[PDB]
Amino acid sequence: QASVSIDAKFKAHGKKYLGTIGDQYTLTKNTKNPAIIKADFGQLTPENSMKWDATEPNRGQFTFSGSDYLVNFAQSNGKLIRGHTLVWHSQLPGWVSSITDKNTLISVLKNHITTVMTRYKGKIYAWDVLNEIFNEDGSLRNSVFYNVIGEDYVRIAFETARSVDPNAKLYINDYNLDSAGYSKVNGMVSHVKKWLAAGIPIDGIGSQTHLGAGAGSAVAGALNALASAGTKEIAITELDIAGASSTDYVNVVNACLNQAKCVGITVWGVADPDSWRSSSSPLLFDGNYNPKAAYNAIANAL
């Protein structure tokens, strides 16, 4: 645990949190990881336990051991939770992707959303209701949901989520929304404007922010562009930067800081060895679970 908490410093500027991720393994693999989470971060997103493959492996049969653990740890330690994720083309069981009848898929979708959200009703700050539903060009991804139900799946997902847990902020999350003017950014904005105008309850836009070295400075403009979609809020949801340079990390932190709609940042992992992109050493803590230069840079920029 770093003596200075970047989450505490971020909150002092009016932000909701500066968080990270976890699940049973990383929370128990050693003593430093959970200690770092409790001391320096104020929010948690389950890395995998809440995804469709892990929660409803078979039709109508749910498995909540792993998600229960993450939620219970977060709640027992004063950490906000971002549920992740409800509807996604990846990490989706074959029983779902093989469905071809529209009403059947809708029933399945609603039951999945309802069962998962009901179990953690009132304990979730925000839910990534929809994940990665856009092609790079801004058009809608031809996932099973889009192919079988059509664009109406967006309304169905959000309305169902809103009804099940009105306390949670409902988000649409995506990657490559990293610079103003990018086709995917433009598509996100135009679709969300349309959906909101149609009465669909979308509270926020989540920008994954999985970056390469030197890409941090473009984030400020991206958030500004995303702000025009008209949602109540936005958030950097899965932050990691190849090389973890101080300039890049400070640039991203400042991007959120200077944008009213950005409620917080979630770094996708604590220490490099546990990163899904470990070969790029993209996190704030090293192989010894010690704070890297970027962590201190962030602490001193706040």
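Quick note: we count residues from 1 along the sequence shown, nothing fancier.
Higher-scoring stretch by recorded Cα B factor average, 211-219 or 124-132 | Comparing 211-219 with 124-132, the higher average CA B-factor belongs to 211-219.
For the C-alpha atoms alone, is the average B factor greater in 246-254 or in 22-30, going by the entry?
-> In the deposited entry, the stretch with the higher C-alpha B-factor mean is 246-254.
Quick one: which of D68, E47, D40, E233 has the biggest Cα B-factor according to the entry?
-> Highest CA B-factor of the listed options: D40.
Can you tell me which third, lowest, middle or highest, the CA B-factor of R59 falls into for its chain?
-> For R59, whose C-alpha B-factor we compare with every modelled residue in the chain, the answer is the middle third.
Would you mind ranking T115 by its C-alpha B-factor against the rest of the chain and naming the third, lowest, middle or highest?
-> Ranked within chain, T115 CA B lands in the lowest tercile.
Check where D137 lands among this chain's C-alpha B-factors and tell me if it's the lowest, middle or highest third.
-> As the PDB entry reports it, the C-alpha B-factor of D137 lands in the highest third of its chain.
Third of the chain's Cα B-factor distribution that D274 belongs to, per the entry | It belongs to the highest third of the chain when residues are ordered by C-alpha B-factor.
When the modelled residues of the chain are sorted by Cα temperature factor, does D165 land in the lowest, middle or highest third?
-> Middle third by C-alpha B-factor.
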